[PDB]
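Accompanying notes for the structure given below.
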Amino acid sequence: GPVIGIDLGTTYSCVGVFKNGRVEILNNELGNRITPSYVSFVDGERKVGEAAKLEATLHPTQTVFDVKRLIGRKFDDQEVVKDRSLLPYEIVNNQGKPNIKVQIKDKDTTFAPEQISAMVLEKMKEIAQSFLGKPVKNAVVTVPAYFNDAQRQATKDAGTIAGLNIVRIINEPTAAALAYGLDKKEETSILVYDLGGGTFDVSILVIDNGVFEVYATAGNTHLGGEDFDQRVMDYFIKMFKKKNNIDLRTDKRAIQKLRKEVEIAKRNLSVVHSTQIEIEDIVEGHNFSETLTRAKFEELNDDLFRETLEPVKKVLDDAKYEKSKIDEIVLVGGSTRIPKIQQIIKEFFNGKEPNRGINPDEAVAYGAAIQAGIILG
Ligand SMILES: Nc1ncnc2c1nc(NCc1ccccc1Cl)n2[C@@H]1O[C@H](CO)[C@@H](O)[C@H]1O
């Protein structure tokens, strides 16, 4: 049978197949190559992906996301205590482990993290199955290099619930090395800098005659593209209050519309220098119309950009590496498209150019699909 490759991400997932000698990253029913890792439980219906994410504004307690932060952990872990205080859906203690509690037709229903991840894996599986016109029973799935045996086992259990035999778990740095086709002969020391929507990871991966080993890993579980958006939102909410005496935080729908346009403005500012953020009637009778420059975008976030270097220094220290010991810097995650990020990394490595792909959000799923093709022979 076929083996598909799945990047089961914190904020999004991505599925790839290896077919007639090529990796195809598959579109979901809405024509997107990434699917928000969201599940909503509203009004008797269960939604997965973008339709679930759209429920978050009006139904925040019923809209489950970021489950990768909880999977295989214990309720009293310091990281889980912090996430319970940040997440708006209820998390309960089931025999020492965090479970998610929501309502289905008003009834309390409790899910293990792996049961929510299984629903994401199931949607990825169905995209594969319709594209291939065939049942899919087998997958390669990625995990962070820092995942322990309990986090990896709960990811495998999510696969089993979704009807997927996870034939191989590979770490995200290895998946990236496979996608960029890093030559497997002789020895190479690679820095994998992975800046996503919600999380920052950096690893030293060494490739030695086809054997991949992560020698050190560090990161920031609360640093990603969504934080850069929030810095911009905070700025424009303050400006709109100064000019119009309207605090947009008093209207959750206004906030949702602004957040969509701010996200789009950020992405544009990876290519242009100036972009317009426009919402007609952001509240009734008031239009939102502003210009954001790349220079103001960077000024609002420059402390967060520079914080990404603290994990880089830590993995170099943990591995006892000199900066020069790094042979190649590889960039993963759409947030590495930010010009200032690529500049800061270049300068930290006393001038060495980072390798970035063209589709940095799909690189991990691409590599998982390559690993699937390697296993099939
Ligand atoms: N040009 C960009 N400049 C800065 N940050 C970016 C850019 N593209 C993405 N991502 C790709 C993506 C997002 C939405 C729709 C389609 C795609 Cl393929 N990011 C950021 O990467 C993170 C995970 O997508 C998000 O925080 C996102 O905002």
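Just so we're on the same page: first chain in the structure tokens is A, next is B, and so on; residues restart at 1 for each chain, and ligands are numbered from 1 in the order they show up.
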Would you mind listing the residues within 9 Å of ligand 1, counting only C-alpha atoms and all ligand atoms, as a tab-separated table (two decimals) with C-alpha atoms, in the first residue's frame?
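Printed below is result-v9.tsv as written:
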chain	number	residue	atom	x	y	z
A	11	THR	CA	-0.49	25.45	14.46
A	12	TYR	CA	-0.81	23.61	11.09
A	32	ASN	CA	-4.48	25.19	0.70
A	33	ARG	CA	-1.27	23.13	1.15
A	34	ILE	CA	-1.35	23.72	4.99
A	195	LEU	CA	10.49	29.49	13.21
A	196	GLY	CA	6.79	28.59	12.83
A	197	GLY	CA	3.43	30.25	13.73
A	198	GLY	CA	3.64	29.53	17.50
A	224	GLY	CA	6.52	32.55	16.37
A	225	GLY	CA	4.74	34.42	13.59
A	226	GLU	CA	1.54	34.84	15.72
A	227	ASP	CA	3.61	36.90	18.28
A	228	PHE	CA	4.87	39.24	15.49
A	229	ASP	CA	1.19	39.72	14.38
A	263	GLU	CA	-1.37	38.66	9.00
A	264	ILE	CA	-1.63	39.46	5.25
A	265	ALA	CA	0.27	42.81	5.69
A	266	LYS	CA	3.15	41.03	7.50
A	267	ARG	CA	3.52	38.47	4.66
A	268	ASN	CA	3.54	41.30	2.06
A	269	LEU	CA	6.26	43.13	4.01
A	270	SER	CA	8.57	40.13	3.40
A	271	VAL	CA	8.63	41.37	-0.26
A	333	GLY	CA	8.87	27.77	8.77
A	334	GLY	CA	7.16	30.56	6.85
A	335	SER	CA	8.40	33.13	9.44
A	336	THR	CA	12.03	32.66	8.15
A	337	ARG	CA	10.83	34.58	5.00
A	338	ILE	CA	11.12	37.74	7.18
A	339	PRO	CA	14.20	39.58	5.74
A	359	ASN	CA	8.20	26.85	0.46
A	360	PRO	CA	9.61	26.83	4.02
A	361	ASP	CA	6.18	25.82	5.54
A	362	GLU	CA	6.08	22.55	3.54
Quick one: everything within 8 Å of residue 180 (chain A), counting only C-alpha atoms, minus sequence neighbours fewer than 3 positions away in the same chain. Send it as an NGL selection string.
-> :A and (176-177 or 357 or 363)
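Between CA of residue 37 (chain A) and CA of residue 73 (chain A) lies a distance of 18.4 Å.
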Figure out the distance between CA of residue 88 (chain A) and CA of residue 49 (chain A), please, to one decimal in Å.
-> 17.7 Å
Which residue, A:139, A:112, A:132, A:169, has the smallest gap to residue 20 (chain A) when you use only C-alpha atoms?
-> A:132
Could you pull out the strand (DSSP E or B) residues of region 173-297 of chain A from DSSP and send them as a PyMOL selection string?
-> chain A and resi 187-195+200-208+211-220+274-283+286-293
Of the residues A:323, A:243, A:22, A:238, which is the one nearest to residue 350 (chain A), using only C-alpha atoms?
->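 Going through A:323, A:243, A:22, A:238 one by one, the smallest distance to residue 350 (chain A) is for A:323.
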Enumerate, in order of chain and increasing residue number, the residues of region 196-279 of chain A with an atom no farther than 10 Å from region 308-320 of chain A, each with its shortest atom pair and distance in Å to one decimal, counting only C-alpha atoms, as a tab-separated table.
residue	atom	partner	partner_atom	distance
A:200	CA	A:308	CA	7.3
A:201	CA	A:311	CA	7.8
A:202	CA	A:312	CA	6.4
A:203	CA	A:315	CA	6.7
A:204	CA	A:315	CA	6.8
A:214	CA	A:319	CA	9.9
A:215	CA	A:319	CA	6.3
A:216	CA	A:315	CA	5.4
A:217	CA	A:315	CA	5.7
A:218	CA	A:311	CA	5.2
A:219	CA	A:311	CA	5.2
A:220	CA	A:311	CA	7.5
A:223	CA	A:308	CA	8.1
A:224	CA	A:308	CA	9.5
Can you list, as a list in words, every protein, DNA or RNA residue that comes within 9 Å of residue 373 (chain A) when you count only C-alpha atoms, leaving out same-chain residues fewer than 5 positions away?
-> residues 3, 4, 17, 18, 19, 21, 23 and 368 of chain A
Go through A:90, A:246, A:175, A:297 and flag the residue nearest residue 285 (chain A), using only C-alpha atoms for the distances.
-> A:246
DSSP alpha helix (DSSP H) residues within region 243-367 of chain A, listed as a PyMOL selection string | chain A and resi 243-244+252-268+294-307+309-318+339-348+363-367
Considering only C-alpha atoms, state which residue in the set A:366, A:212, A:131, A:41 is at the smallest distance from residue 190 (chain A).
-> A:212
Find the residues near residue 97 (chain A): any atom within 10 Å, counting only C-alpha atoms, skip ones fewer than 6 places away on the same chain, and give them as a count of residues only.
-> 12
